[PDB]
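What follows is each chain in one-letter form.
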Amino acid sequence: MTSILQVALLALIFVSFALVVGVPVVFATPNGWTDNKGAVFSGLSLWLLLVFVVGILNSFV
Amino acid sequence: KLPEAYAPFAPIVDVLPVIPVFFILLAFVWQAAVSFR
Amino acid sequence: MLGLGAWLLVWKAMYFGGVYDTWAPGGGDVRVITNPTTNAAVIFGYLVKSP
Amino acid sequence: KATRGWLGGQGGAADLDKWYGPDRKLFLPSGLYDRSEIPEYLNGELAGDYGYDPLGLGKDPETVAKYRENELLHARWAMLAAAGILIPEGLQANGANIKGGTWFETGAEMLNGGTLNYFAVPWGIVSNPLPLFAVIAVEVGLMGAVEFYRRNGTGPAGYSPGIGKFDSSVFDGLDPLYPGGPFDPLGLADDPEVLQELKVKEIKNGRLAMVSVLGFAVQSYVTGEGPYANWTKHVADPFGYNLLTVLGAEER
Amino acid sequence: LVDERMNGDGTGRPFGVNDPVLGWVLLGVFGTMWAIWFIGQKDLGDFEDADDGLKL
Amino acid sequence: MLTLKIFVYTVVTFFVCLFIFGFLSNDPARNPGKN
Amino acid sequence: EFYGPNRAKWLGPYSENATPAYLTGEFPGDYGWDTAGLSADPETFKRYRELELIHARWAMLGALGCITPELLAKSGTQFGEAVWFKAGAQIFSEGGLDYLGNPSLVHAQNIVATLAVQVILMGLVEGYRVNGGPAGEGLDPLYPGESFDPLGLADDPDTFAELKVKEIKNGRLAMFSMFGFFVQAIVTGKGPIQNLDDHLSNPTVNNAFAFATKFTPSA
Amino acid sequence: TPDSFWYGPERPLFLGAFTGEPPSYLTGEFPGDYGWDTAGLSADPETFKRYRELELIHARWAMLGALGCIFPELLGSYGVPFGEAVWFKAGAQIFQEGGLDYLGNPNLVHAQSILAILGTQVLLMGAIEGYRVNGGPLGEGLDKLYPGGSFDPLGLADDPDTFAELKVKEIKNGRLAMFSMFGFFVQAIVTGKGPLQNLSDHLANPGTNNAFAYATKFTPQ
Ligand code: CHL
Ligand code: CHL
Ligand SMILES: CCCCCCCCCCCCCCCCCC(=O)OC[C@H](CO[C@@H]1O[C@H](CO[C@H]2O[C@H](CO)[C@H](O)[C@H](O)[C@H]2O)[C@H](O)[C@H](O)[C@H]1O)OC(=O)CCCCCCCCCCCCCCCCC
Ligand code: CLA
Ligand SMILES: CC1=C[C@H](O)CC(C)(C)[C@H]1/C=C/C(C)=C/C=C/C(C)=C/C=C/C=C(C)/C=C/C=C(C)/C=C/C1=C(C)C[C@H](O)CC1(C)C
Ligand SMILES: CC1=C(/C=C/C(C)=C/C=C/C(C)=C/C=C/C=C(C)/C=C/C=C(C)/C=C/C2=C(C)CCCC2(C)C)C(C)(C)CCC1
Ligand SMILES: CCCCCCCCCCCCO[C@H]1O[C@H](CO)[C@@H](O[C@H]2O[C@H](CO)[C@@H](O)[C@H](O)[C@H]2O)[C@H](O)[C@H]1O
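Residues numbered from 1 in each chain as written, not as in the entry; some residues may be left out. Chains lettered and ligands numbered in written order. Part of a larger assembly, values for the part shown. Heavy atoms only, no water.

(A) Structural context of the site of ligand 3. Neighbouring ligand 3 are 13 residues; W34, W37, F38 and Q41 of chain E together with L24 of chain F lie closest to it. Per-site note: the chains with residues close to ligand 3 are chains E, F and H. Here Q41 of chain E contributes a side-chain N or O atom positioned 3.3 Å from an oxygen atom of ligand 3. Here ligand 3 loses 45% of its free accessible area of 1,500 Å² to cover by the protein chains. With 8 residues, helix α1 (residues 20-39) of chain E is the largest single contributor of residues to the shell around ligand 3. For the shell around ligand 3, a count of residues per class yields 8 nonpolar, 3 polar and 2 charged. (Near = heavy atom within 4 Å. Polar contact = N/O pair within 3.5 Å; in protein donor to acceptor, adjacent residues only side chain to side chain. Areas by Shrake-Rupley, 256 points an atom, 1.4 Å probe, with all protein chains shown as cover. Helix = DSSP H or I, 4+ residues; strand = E, 2+ residues; numbered from the N terminus. Nonpolar A, V, L, I, M, F, W, Y, C, P; charged D, E, K, R; others polar.)

Dropping the structure here:
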């Protein structure tokens with residue numbers, strides 16, 4: 001299946017754009033990494049999940 | 001070309017090599033934002 | 001890490017499909033390098049050779 | 001007991017400050033998981049405590065200790081399982097006459113003709129003339145007592161099960177999960193601080209085997225081969241024999 | 001043939017030696033001057049402990 | 001020609017070994033700046 | 001008996017003036033045999049008892065391991081090379097060194113690998129025997145018994161002193177038999193069980209005097 | 001004993017850390033004391049003096065011997081026309097037709113009679129081996145092992161800190177050369193070639209030209 005791979009890869013681009021902007025903002029704000037810790041962990045664990053989804057979906061094409 | 005399950009993403013790929021030129025420019029923006037301290 | 005990285009090239013040439021040999025008989029293609037040259041007079045002969 | 005160093009000087013249990021207390025290793029490093037976000041019931045009192053409970057399944061140190069009853073048995077069975085799955089497949093693939101060393105078809109290999117072959121390495125190989133009816137009969141009997149010997153707490157008085165002491169008595173005040181009296185023929189439990197460090201090695205070897213036997217069952221269901229066959233074929237051809245070459249194999 | 005050559009223009013000899021006396025020139029002159037440096041090493045400082053270089 | 005080659009290899013290796021063992025003979029301490 | 005002055009001797013009854021003074025009978029195997037006087041210094045006599053017992057414990061492992069590959073070959077186990085002075089060369093064989101007969105077993109091919117593994121492993125456990133290691137630190141240099149007597153046989157020190165004599169007398173026989181095996185291989189050229197089988201076949205002719213003219217210098 | 005790192009109680013020993021306490025008579029006093037007397041052969045402190053003055057003479061002959069066995073085969077590989085460049089065949093040069101030529105040169109020494117060589121050697125060695133025992137022209141009352149004087153013309157034994165250091169270098173160079181000269185003996189008996197030929201044969205293929213090539217060589221029958 002091809003179309004769910006392209007949706008999952010578009011989603012990988014938006015999540016990566018959320019990390020390329022957001023993660024340096026969360027880091028270098030004062031006391032921002034303690035407050036926004038679980039957001040970035042949910043962002044990284046989604047980003048890492050989306051990479052292994054697209055790689056497994058590439059096997060089905 | 002790319003594999004055809006990824007060829008719609010080929011517009012993003014043409015922008016990807018020039019990105020480390022923007023990383024040396026970002027060090028000048030960050031130092032301009034702290035006024036070159 | 002550089003030593004184990006240099007064994008990645010040896011494992012890929014000896015075991016993991018081989019590498020491209022342009023001097024292969026029959027034209028250049030991918031050749032598993034079954035007999036790599038471990039002779040120290042040949043290996044360290046390049047290093048002391050003139051440039 | 002006096003424990004000179006394995007290679008050089010003084011050895012034994014150097015520091016248990018990596019495994020117990022506030023200072024100890026965790027499941028995330030200290031810039032991602034500080035010492036205030038550890039749950040209050042996970043303290044440095046159990047071996048292998050990394051502060052790992054994101055799904056709140058632990059409640060208090062008495063519920064954690066009764067799941068520790070479940071964790072350490074699941075550890076010690078999966079460790080015997082992990083050696084019992086790789087080794088007979090490894091011997092059969094290298095030349096032993098096991099006929100069923102692959103783990104997921106050993107049961108159907110011995111159905112009506114019987115005679116599941118057994119390899120007493122290195123003493124050669126022996127046929128096993130026990131029918132499948134007896135294997136169902138002996139196992140439920142011989143191990144239903146042992147799982148009752150851990151409930152009732154009272155072993156048989158006579159010591160005949162491969163004992164290094166021959167102390168024909170019962171011992172009932174022993175620690176659950178750690179009956180170190182008759183179950184230490186080699187000893188290795190006299191110094192309680194190196195015993196507290198060996199039970200860190202016991203649960204980590206256990207948690208490594210529980211993940212691996214889970215890895216056995218999944219990758220045998222997917223690939224259709226045993227884990228020794230998955231191991232020697234991924235080492236033979238890594239990029240061409242992966243998870244990702246196995247999935248989607250029906251198209252080319 | 002017509003003249004006399006040394007015949008080592010593209011032969012790839014180790015350090016460009018083809019008479020074995022040339023290798024003993026290399027080891028003799030290195031060995032003579034290693035030995036002068038070694039005997040004269042008592043005037044260079046005994047940098048024996050660990051923090052004993054030109055460091056920063 | 002071989003007499004010339006032996007002579008040049010004595011000469012060149014004399015000066016190369018002056019170079020190498022000169023920097024091994026405590027060059028970084030030959031500064032005027034004290035520490 | 002076996003200790004004190006009123007013990008067994010190396011000449012038996014004709015040994016009352018034969019034994020020296022320092023061989024009292026407080027060490028096992030002391031039948032009073034120091035005819036060349038090598039062990040007169042008690043510091044060296046301490047060293048030679050360590051040299052004797054470690055030689056005894058390597059010869060007992062030797063004399064059992066130079067025999068059981070040749071018995072099982074008479075029972076039908078194929079080894080490649082079952083005779084002990086040919087069993088080293090079977091690692092250069094075409095299938096390597098299978099342990100009894102199974103290629104599912106050790107299946108060693110590289111002699112430099114199994115030697116370098118041995119130098120690392122034996123270099124540690126012979127070092128553990130000297131200074132101490134994981135099984136003990138300050139025990140007897142010849143009789144550790146903490147981890148090396150798991151079955152409790154180093155109890156009752158009266159009968160434990162008997163076990164030291166049973167150790168060395170089994171051990172001295174094995175050393176006398178390993179000196180056998182070496183010479184009965186150089187002279188004969190066949191295995192020691194093969195040396196046993198033809199002396200049991202014909203004791204008259206199949207002895208060591210049938211090979212007495214082997215080492216004659218004929219020039 | 002000084003604080004010379006090779007002497008006294010905290011000295012390097014022959015099993016490193018696994019050696020334990022050395023024997024009580026090996027107090028770190030004399031050079032090359034790695035505490036290796038496991039046979040107890042030198043427990044007597046008078047035999048231990050004899051074995052010290054027997055080790056070092058063996059060491060000084062084997063250091064000359066190991067240099068003396070490599071050097072005619074090293075030059076023999078480089079075109080010097082020796083009769084036999086190999087060391088264990090170098091005796092038979094007296095038995096060939098032209099005799100024994102030093103450096104393969106016919107108008108150097110040109111020995112023809114082996115009985116003249118041995119008759120000269122017994123007279124000359126017997127004079128100087130006895131000088132090593134007592135007296136002599138180059139020194140009369142000196143040390144038995146380290147006489148100095150005429151046998152230290154460069155003065156390299158003046159500083160006793162340096163002299164106790166160089167005695168450690170002498171015995172370790174000597175024990176290495178005795179252990180290597182024993183290698184010359186065994187690997188000429190076993191292989192049959194020169195030690196520089198055994199080296200270059202090993203360097204051409206170390207996997208096959210090791211000592212296990214000749215492991216079945218002395219097999220009976
Ligand atoms: C901690 C590791 C360590 C180990 C294991 C050793 C071990 C040894 N050191 Mg020591 N050292 C070590 C640390 C250090 N040493 C030294 C300094 C020295 C010196 C100066 C010397 C030693 C020597 C020795 C040897 C002394 C006893 C002996 O000969 O063994 C006897 C037993 C063996 C050699 C085993 C045999 C090896 C092999 C497996 C057998 C091969 C089998 C053949 C195929 C059989 C032959 C077939 C037949 C038919 C011919 C031994 C190999 C001495 C030496 O080299 O003598 C040889 C020596 O002179 N060591 C230093 C610097 C302080 C160390 C630093 O830590
Ligand atoms: C350092 C002492 C010394 C040693 C080790 C040798 C060794 C040898 N000489 Mg020799 N020589 C020595 C001194 C002298 N030689 C000679 C004159 C000759 C002649 C004319 C000939 C020899 C030959 C030989 C070789 C016989 C071949 C052989 O037996 O193979 C087996 C042995 C080995 C391969 C080496 C093993 C050496 C040895 C067994 C161990 C060394 C320890 C000794 C037991 C110590 C003995 C020395 C004593 C006397 C102090 C043998 C390697 C013959 C030859 O070259 O044949 C090819 C020969 O024709 N020698 C003179 C002048 C008189 C010597 C003066 O001291
Ligand atoms: C075709 C072939 C072409 C030729 C081959 C080409 C390739 C060659 C590459 C070979 C590798 C070269 C690497 C050399 C590294 C040298 C580094 C160094 O600066 O090395 C420095 C060290 C210094 O060592 C230490 O030096 C110290 C100096 O002490 C002195 O000073 C001390 C206080 O400082 C004390 O006072 C003490 O008493 C006093 O002696 C101590 O003595 C220590 O014991 C000692 O370990 O040297 C050492 O470790 C040993 C150094 C290595 C050995 C050098 C051998 C040289 C050649 C010998 C053969 C010559 C042949 C002559 C032929 C004649 C006939 C023609
Ligand atoms: C050269 C690289 C390098 C080095 C020396 C360090 C060193 C350290 N890091 Mg940093 N880190 C690195 C790379 C590196 N890191 C990278 C690439 C990442 C992104 C994943 C991080 C993310 C990271 C975090 C988020 C934290 C640290 C922390 C730490 C500290 C120790 C805890 C630890 O093991 O890290 C944890 C990292 C891992 C467990 C990753 C697994 C590494 C294992 C060893 C496998 C390695 C595989 C292989 C050998 C390397 C890749 C091969 C090839 C691709 C090059 C230590 C100072 C902690 C710290 O400073 O606390 C205050 C901390 O909180 N690191
Ligand atoms: C310590 C100890 C301790 C414990 O306790 C006990 C024990 C073990 C017993 C001990 C040990 C010991 C040992 C090791 C020994 C060894 C030795 C040696 C080897 C020597 C050599 C030794 C050796 C030597 C001298 C040698 C020498 C040599 C020489 C001179 C040579 C000569 C020559 C030459 C030039 C050349 C020609 O062409 C020939 C010839 C003629 C040949
Ligand atoms: C992979 C990918 C991605 C990522 C990307 C990235 C990583 C990016 C980055 C980017 C960047 C990182 C950018 C940057 C930029 C910067 C800039 C653009 C700047 C400029 C500047 C200028 C122009 C100016 C300068 C100056 C100053 C200010 C001072 C000095 C002087 C001057 C004037 C020069 C994403 C997610 C999308 C997804 C898809 C794919
Ligand atoms: C910073 C870290 C960076 C690490 C990056 C590592 C990148 C390595 C890139 C190599 C990937 C090549 O992998 C590739 O190998 C084989 C060659 O086609 C393929 O596998 C298969 O393909 C071909 C036929 O289908 C055959 O010639 C191969 O024998 C077969 O194994 C794999 O399907 C493919 O995945």
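Text resumes after the structure shown.
(B) Here's a closer look at the site of ligand 1. Around ligand 1, a shell composed of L115, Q118 and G123 of chain G together with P12, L13, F14, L15, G16, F18, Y34, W36 and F179 of chain H is seen. A distance of 3.0 Å is found between a nitrogen atom of ligand 1 and a backbone nitrogen or oxygen belonging to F14 of chain H. Residue classes in the shell around ligand 1 are distributed as 9 nonpolar, 3 polar and no charged.

(C) Up close: the interface of chain A and chain B. Residue-level contacts link 9 residues of chain A with 6 residues of chain B. Counting the surface lost from both chain A and chain B, the interface buries some 580 Å², and carbon and sulfur atoms represent 76% of this. Counting the surface chain A buries against chain B, the share from its top three residues, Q6, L9 and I13 of chain A, is 55%. On inspection of chain A and its partner chain B, the count reaches 0 salt bridges. Linking chain A to chain B there are 2 residue pairs in polar contact. Counting only elements with at least two residues in the side of chain A that touches chain B, the list comes to α1 (3-27) and α3 (37-59) of chain A. (Contact = heavy atoms within 4.5 Å. Buried area = accessible area lost by both parts, 1.4 Å probe. Salt bridge = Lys/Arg side-chain N within 4 Å of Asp/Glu carboxyl O.)

(D) A look at helix α1 (residues 47-77) of chain H. Residue and element names in this part refer to chain H. End to end, α1 covers 44 Å across 31 residues, agreeing with the expected 45 Å (1.5 Å per residue, within 8%). Where α1 is buried, its residues meet α2 (114-133), α3 (160-190) and α4 (195-204). At the exit of α1 stands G79, carrying a positive phi of roughly 90°. (Expected span 1.5 Å × (residues − 1).)

(E) Focus on the UniProt feature "binding site: chlorophyll a 10" (unreviewed entry) in chain G. Residue and element names in this part refer to chain G. Listed under "binding site: chlorophyll a 10" (unreviewed entry) in the UniProt record, and renumbered for this structure, are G145 and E167. A compact arrangement is adopted by the annotated residues: their sequence extent is 23 residues, whereas the largest C-alpha distance between any two is 13.9 Å. Mapped onto the elements, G145 comes out in the loop between α3 (111-131) and α4 (157-186). When you line up the elements, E167 lands in helix α4. In this view, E167 contacts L53, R57, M60 and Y143; residues no more than four positions away in its chain are not counted. (UniProt positions renumbered as here; feature names shortened; annotations may be inferred.)

(F) Structural view of the environment of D37 of chain H. Following the sequence through the fold, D37 of chain H ends up in the segment before α1. Expressed as a C-alpha distance, the spacing of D37 of chain H and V186 of chain H, which sit 149 residues apart in the sequence, is 24 Å. Apart from residues no more than four positions distant in its own chain, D37 of chain H is found in contact with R47 of chain G together with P23, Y25, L26, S42 and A43 of chain H. There is a polar contact of 3.2 Å between the side chain of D37 of chain H and the backbone nitrogen of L41 of chain H.

(G) Layout of the coordination of the magnesium atom of ligand 1. Looking at the magnesium atom of ligand 1, one finds just one donor atom contributed by the protein, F14 of chain H (O), at 2.1 Å. Looking at the secondary structure, you find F14 of chain H in the segment before α1. (Donors = N, O, S within 2.8 Å, 3.2 Å for Na, K, Ca; no water.)

(H) The arrangement of the pattern of salt bridges in detail. Residue and element names in this part refer to chain D. All told, the structure shown has 28 salt bridges over all chains when counted by the stated rule. Residue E202 is joined to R76 by a salt bridge in which the shortest nitrogen-to-oxygen separation is 2.8 Å. Of this pair, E202 sits in helix α4 (residues 192-223) while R76 sits in helix α1 (residues 61-94); the two residues are 126 residues apart in sequence, bridging distant segments of the chain. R76 sits in the partly exposed class, given a relative accessible area of 28%. Among the charged side chains, a network of salt bridges with common partners joins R68, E71 and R207. (Buried < 20%, exposed > 50% of the residue type's maximum accessible area, 1.4 Å probe, protein only.)

(I) Molecular detail of the side chain of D37 of chain H. Despite its burial, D37 of chain H remains without a salt bridge, the nearest opposite charge being carried by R47 of chain G at 7.0 Å. A polar contact is formed between the side chain of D37 of chain H and the backbone nitrogen of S42 of chain H, at a distance of 3.1 Å. (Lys, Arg positive; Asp, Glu negative; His and termini not counted.)

(J) Spotlight on the interface of chain F and chain E. Contact with chain F, which involves 18 residues of that partner, is made by 18 residues of chain E. Counting the surface lost from both chain F and chain E, the interface buries some 1,600 Å², and carbon and sulfur atoms represent 79% of this. When the buried surface of chain F facing chain E is broken down by residue, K5, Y9 and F21 of chain F rank first, second and third, together holding 34% of it. Viewed at the interface, chain E and chain F are joined by 4 residue pairs in polar contact. Residue composition of the side of chain F that touches chain E, grouped by class: 10 nonpolar, 6 polar and 2 charged.

(K) Inspection of the packing of aromatic side chains at higher detail. Applying the stated criterion to the full structure yields 29 aromatic pairs over all chains. Considering the side-chain rings of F2 of chain G and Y31 of chain G, the 6.3 Å spacing of their centres and the 20° angle between planes classify their relative orientation as stacked. Of this pair, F2 of chain G sits in the segment before α1 (42-65) while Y31 of chain G sits in the segment before α1; the two residues are 29 residues apart in sequence, bridging distant segments of the chain. Judged by its relative accessible area of 25%, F2 of chain G falls in the partly exposed class. Taken together, a centroid distance of 5.9 Å and an interplanar angle of 55° make the contact between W87 of chain H and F185 of chain H tilted. Of this pair, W87 of chain H sits in the loop between α1 and α2 while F185 of chain H is found in helix α3, placing the two residues 98 residues apart along the sequence. Grouping aromatic residues by their ring pairs yields a cluster made of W87, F88, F184 and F185 of chain H. Note that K164 of chain G overlies the ring of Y143 of chain G, its terminal NZ or CZ placed 4.2 Å from the centroid. (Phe/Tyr/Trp six-rings, centres within 6.5 Å; stacked < 30°, edge-to-face > 60°. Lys NZ or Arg CZ within 6 Å of the ring centre and 35° of its normal.)

(L) Spatial organisation of the side chain of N198 of chain H. Residues and elements named next belong to chain H. Tracing the backbone shows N198 in helix α4. Among the polar contacts made by the side chain of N198, one reaches the side chain of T191 at a distance of 3.3 Å. Filtering out sequence-adjacent residues up to four positions away, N198 remains in contact with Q187, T191 and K193.

(M) Highlighting unusual backbone geometry. Looking along the chain, the bond that leaves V121 of chain D and enters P122 of chain D is cis, with omega of 0°. Structurally, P122 of chain D can be placed in the loop between β1 (118-119) and β2 (125-126). A positive phi angle, near 70°, is found at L177 of chain D, a position not held by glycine. By secondary structure assignment, the location of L177 of chain D is in the loop between α3 (132-149) and α4. Positive phi outside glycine occurs at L103 of chain H, with the angle close to 60°. Secondary-structure assignment places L103 of chain H in the loop between α1 and α2.

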